[PDB]
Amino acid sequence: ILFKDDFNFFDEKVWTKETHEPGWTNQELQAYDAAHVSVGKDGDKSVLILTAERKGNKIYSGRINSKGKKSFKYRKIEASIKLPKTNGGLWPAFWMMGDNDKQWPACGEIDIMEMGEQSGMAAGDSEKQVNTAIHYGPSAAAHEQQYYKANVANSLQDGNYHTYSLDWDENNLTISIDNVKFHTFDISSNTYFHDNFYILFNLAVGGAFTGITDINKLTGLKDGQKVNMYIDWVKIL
């Protein structure tokens, strides 16, 4: 093990809590702020907790990153996550971006796991449909993306923790879910996936990915509702 966070405490030498206004990216409805990230207990487990909540028309959630603090290259990274039911507009993700100061997408982006996509709801399989992706290119105008999506065998939003893994060498990015390979991206000649990347976790609420950008359509977070996303651990081998 190169690095492991059991989330017994919020380690500020590794993680930063983000603050952003609603609509900052992807027409998302939540504001992010520090008060919606905490560390605590889920039974016996020490966990990082991202809390999304709605107080009328104001929605708040949590997002963290390790940019400038913890990054790596060509290692396996795995996290154990417990997810809320996403149907109706929640959008959890575990992902990475290049630990440089290039503007997106030139920093490179690897989405290990995202759920809540519009098509998962339309397919009636919102608890099983996962999207994995890479984004790259020298500017927004020349944005390139590859993705894969499919339904896993068993619900990932079932009150238990699941493991999400990325294996990474100079040729491939291979995403696995509960030890089952989900997809491999060929990066052998892709110049954007060969430098250090840092880690992110977040729980977005609405946004274009979900198909829900109007709070009147947000059935997955009702007025007065709170939901949690839990990360038991993250580790880098």
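Residue positions are given as counts along the sequence shown, with the first one as 1.
Participant: Quick one: say whether 224-232 or 209-217 has the higher mean Cα B-factor in the deposited entry.
Facilitator: The recorded data point to 209-217.
Participant: For the stretches 105-113 and 140-148, which has the higher mean C-alpha B-factor as given in the deposited record?
Facilitator: Comparing 105-113 with 140-148, the higher average CA B-factor belongs to 140-148.
Participant: Which one of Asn154, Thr86, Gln129, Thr163 shows the top CA temperature factor in the record?
Facilitator: Comparing C-alpha B-factors across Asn154, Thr86, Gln129, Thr163, the maximum falls on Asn154.
Participant: Per the PDB entry, which option out of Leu90, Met97, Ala122, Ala93 has the greatest Cα B factor?
Facilitator: Answer for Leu90, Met97, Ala122, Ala93: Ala122, with the highest C-alpha B-factor.
Participant: Considering only modelled residues of the same chain, in which third does the CA B-factor of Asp186 rank: lowest, middle or highest?
Facilitator: For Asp186, the deposited C-alpha B-factor lands in the middle third.
Participant: Select lowest, middle or highest to describe the third in which the CA B-factor of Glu53 falls within its chain in this entry.
Facilitator: For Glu53, whose C-alpha B-factor we compare with every modelled residue in the chain, the answer is the highest third.
Participant: With respect to C-alpha B-factor, does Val180 fall in the lowest, middle or highest third of the chain as deposited?
Facilitator: CA B-factor rank for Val180: lowest third.
Participant: Looking at the C-alpha B-factor of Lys76, is it in the lowest, middle or highest third of its chain?
Facilitator: Its C-alpha B-factor belongs to the middle third of this chain's values.
Participant: Would you please rank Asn202 by its C-alpha temperature factor against the other modelled residues of its chain and give the third it falls in: lowest, middle or highest?
Facilitator: Tercile = lowest for this residue's CA B-factor.
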